[PDB]
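Following: one structure in structure tokens, then a few remarks.
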Protein chains: 2
Amino acid sequence: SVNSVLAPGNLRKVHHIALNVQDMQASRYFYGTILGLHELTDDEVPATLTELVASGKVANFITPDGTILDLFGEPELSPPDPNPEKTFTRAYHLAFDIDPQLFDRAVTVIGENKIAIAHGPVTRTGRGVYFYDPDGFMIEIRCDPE
Amino acid sequence: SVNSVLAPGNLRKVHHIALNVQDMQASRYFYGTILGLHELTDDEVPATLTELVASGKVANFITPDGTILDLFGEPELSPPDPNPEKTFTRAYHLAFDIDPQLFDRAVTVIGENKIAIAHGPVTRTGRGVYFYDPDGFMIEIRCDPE
Ligand SMILES: [Co+2]
Ligand SMILES: [Co+2]
Ligand SMILES: [Co+2]
Ligand SMILES: [Co+2]
């Protein structure tokens with residue numbers, strides 16, 4: 001027999017990407033304050049996460065197009081390896097798109113906030129810069145050609 | 001002095017999420033064939049990834065709204081832990097949205113393809129089901145209320 005499979009389009013979009021963070025406030029600062037992602041208030045999140053968001057156990061940030069970044073406070077968990085440069089299978093990096101005219105500002109923001117740059121910035125097609133978040137998860141900021 | 005920071009909206013969207021996979025074909029089968037994500041052909045990807053995609057070292061899949069899932073072949077890398085149930089900081093899960101009327105079909109597809117369900121399906125607000133990909137990275141398929 002032939003197994004049933006989903007058709008292209010059934011999975012309509014990426015609803016959210018979830019990250020486990022050891023230091024919730026350091027991560028809220030990184031994603032919300034420095035990177036500028038808008039945060040969802042307790043009354044805007046699913047009734048099932050209302051108290052968790054209220055208690056600061058979970059935080060939700062969104063891009064203007066609606067994609068959600070969920071942060072789950074896990075103070076007792078460890079990273080796969082203390083050194084973020086050590087690679088493994090599974091999640092590699094998460095990349096955000098930015099207006100080509102704001103790419104330089106992003107690089108400057110990373111610098112003024114003393115965030116170490118893992119790779120780049122690089123210019124080509126497009127431009128990109130890579131850096132690690134508080135837990136060692138790699139983030140990429142990139143833009144299309146002018 | 002006050003550090004410069006990005007304003008809400010600067011990071012306009014999630015451009016792509018990258019995963020490292022030990023078995024490229026097993027992952028192309030999982031994401032493209034079973035989950036139905038549309039694949040980008042070598043002529044549709046950035047000139048910088050043309051040969052990598054051609055050689056099968058990298059694969060790009062997309063949701064209909066444009067978000068890209070990059071798969072990087074890493075046959076020599078290991079997962080953070082062989083048992084996918086072991087948790088760490090950093091990436092937790094990636095969730096895809098599906099029409100509420102197709103949620104049941106998705107659950108059935110997972111079953112017919114003998115993919116073990118980590119959690120769920122659950123019904124509430126919304127519905128959700130969780131399962132691991134070939135490398136042990138957790139995927140969630142969810143939908144809004146009817
Ligand atoms: Co608001
Ligand atoms: Co990338
Ligand atoms: Co096509
Ligand atoms: Co989720």
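Hydrogens, waters and symmetry mates are skipped; everything else that's a heavy atom, side chains included, is used. So you know, we letter chains A, B, ... as the sequences are listed, proteins then strands, and number each from 1.
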Let's go through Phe131(A) and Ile141(A) carefully: what are the C-alpha distance in whole Å and the side-chain angles of both, what is the deciding distance for side chain to side chain contact (heavy atoms under 4.5 Å, CB included) to 0.1 Å, and is it a yes or a no? CA-CA 9 Å; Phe131(A) 49 97; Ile141(A) 287 181; 3.6 Å; yes
Determine whether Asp133(A) and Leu19(A) satisfy the following criterion, side chain to side chain contact (heavy atoms under 4.5 Å, CB included), listing intermediate values before the conclusion. CA-CA 11 Å; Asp133(A) 79 353; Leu19(A) 307 182; 4.1 Å; yes
Begin with the C-alpha distance, continue with both residues' side-chain angles, and end with the deciding distance and a verdict on side chain to side chain contact (heavy atoms under 4.5 Å, CB included) for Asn20(B) and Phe88(A). CA-CA 7 Å; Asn20(B) 289 327; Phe88(A) 299 103; over 6 Å; no
Could you give me the CA-CA distance, side-chain angles and deciding distance for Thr89(B) and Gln22(A), then say whether side chain to side chain donor-acceptor pair (under 3.5 Å) is met? CA-CA 6 Å; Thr89(B) 53; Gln22(A) 197 283 142; over 6 Å; no
Determine, step by step, whether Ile34(A) and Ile115(A) satisfy the side chain to side chain contact (heavy atoms under 4.5 Å, CB included) criterion, reporting the C-alpha distance in whole Å, the side-chain angles of both residues, the deciding distance to 0.1 Å, and the verdict. CA-CA 10 Å; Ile34(A) 297 170; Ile115(A) 291 175; 4.0 Å; yes
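Going from atom CZ of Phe103(A) over to atom CD1 of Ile98(A) covers 8.0 Å, rounded to the nearest 0.5 Å. Distance CD/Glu85(B) to CG/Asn83(B): 5.0 Å, rounded to 0.5 Å. Separation of atoms CD1 (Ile62(B)) and OG1 (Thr67(B)) is listed at 9.0 Å; rounding is to 0.5 Å. With values rounded to the nearest 0.5 angstrom, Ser27(B) atom OG is found 8.5 Å from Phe61(B) atom CZ. Taken to the nearest 0.5 Å, the CG atom of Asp81(B) stands 9.5 Å off from the OG1 atom of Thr87(B). Rounding to the nearest 0.5 angstrom, the gap separating the CG atom in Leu71(B) from the CG atom in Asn60(B) is 7.5 Å.
Looking at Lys57(A), its side chain does come within 3.5 Å of a backbone N or O of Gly73(A) through a donor-acceptor pair. Proximity of a side-chain donor or acceptor of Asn10(B) to a complementary backbone N or O of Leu6(B) within less than 3.5 Å is not detected. Judged purely by atom type and a 3.5 angstrom limit, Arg90(B) uses its side chain to pair as donor or acceptor with the backbone of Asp135(A). A donor-acceptor pair under 3.5 Å links the side-chain atoms of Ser55(A) to the main chain of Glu51(A), judged by distance alone.
Smallest separation of non-hydrogen atoms from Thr33(A) and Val5(B): O-CB, 3.3 Å. When all heavy atoms of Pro80(B) and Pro80(A) are compared, the closest pair comes out as CB-CB, 3.6 Å. Contact detail for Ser4(B) and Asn113(A): the closest heavy-atom pair is O-ND2, 2.8 Å. Here the closest heavy-atom approach between residue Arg28(B) and residue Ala59(B) is recorded as CG-CB, 4.2 Å. Between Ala118(A) and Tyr132(A), the shortest heavy-atom distance links the atoms CB-CE1, 3.6 Å. Shown here for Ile68(B) and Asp70(B), the closest heavy-atom pair between the two residues is CG2-OD1, 3.2 Å.
Considering only heavy atoms from C-beta on, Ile117(B) comes within 4.5 Å of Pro121(B) through its side chain. The shortest distance between side-chain heavy atoms of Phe96(A) and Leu37(A) falls below 4.5 Å. In this structure the side chain of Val129(B) reaches within 4.5 angstrom of the side chain of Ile110(B), judged on heavy atoms.
Annotation: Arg105(B), atom CZ; neighbour count of heavy atoms from other residues, nucleotides and ligands within 6.0 Å does not exceed 12.
Among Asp97(A), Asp144(A), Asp104(A), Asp99(A), the single residue meeting the salt bridge (charged side-chain N to carboxylate O under 4.0 Å, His left out) criterion with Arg127(A) is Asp104(A).
A chain of hydrophobic side-chain contacts below 4.5 Å, direct or via other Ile, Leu, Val, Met, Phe, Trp or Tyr residues, connects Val107(B) to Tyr31(B). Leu102(A) and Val14(B) fall within the same hydrophobic cluster, where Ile, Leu, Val, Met, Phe, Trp and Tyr residues are linked whenever their side-chain heavy atoms come under 4.5 Å apart, directly or through other members. Linking ILVMFWY residues whenever their side-chain heavy atoms come closer than 4.5 Å, directly or via other members, leaves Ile17(A) and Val58(A) in distinct clusters. When hydrophobic clusters are built by joining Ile, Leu, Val, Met, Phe, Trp and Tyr residues whose side-chain heavy atoms come closer than 4.5 Å, directly or via intermediates, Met24(A) is grouped together with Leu94(A). Under the 4.5 Å side-chain heavy-atom criterion for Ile, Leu, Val, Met, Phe, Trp and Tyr, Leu49(A) and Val122(B) are members of distinct hydrophobic clusters.
Annotation: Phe72(A) is in aromatic contact with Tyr92(B) [ring centroid separation under 6.0 Å].
The salt bridge (charged side-chain N to carboxylate O under 4.0 Å, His left out) test applied to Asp23(A) returns no partner, not counting sequence neighbours. With sequence neighbours excluded, the residues satisfying side-chain contact (heavy atoms from CB on, under 4.5 Å) with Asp43(A) are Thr41(A).
Note on ring orientation: taking the six-membered ring where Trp is involved, the planes of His93(A) and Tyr130(A) are perpendicular (angle over 60°, cut-offs 30° and 60°).
Under 3.5 Å, the side chains of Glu140(B) and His16(A) contain a donor-acceptor pair of N or O atoms.
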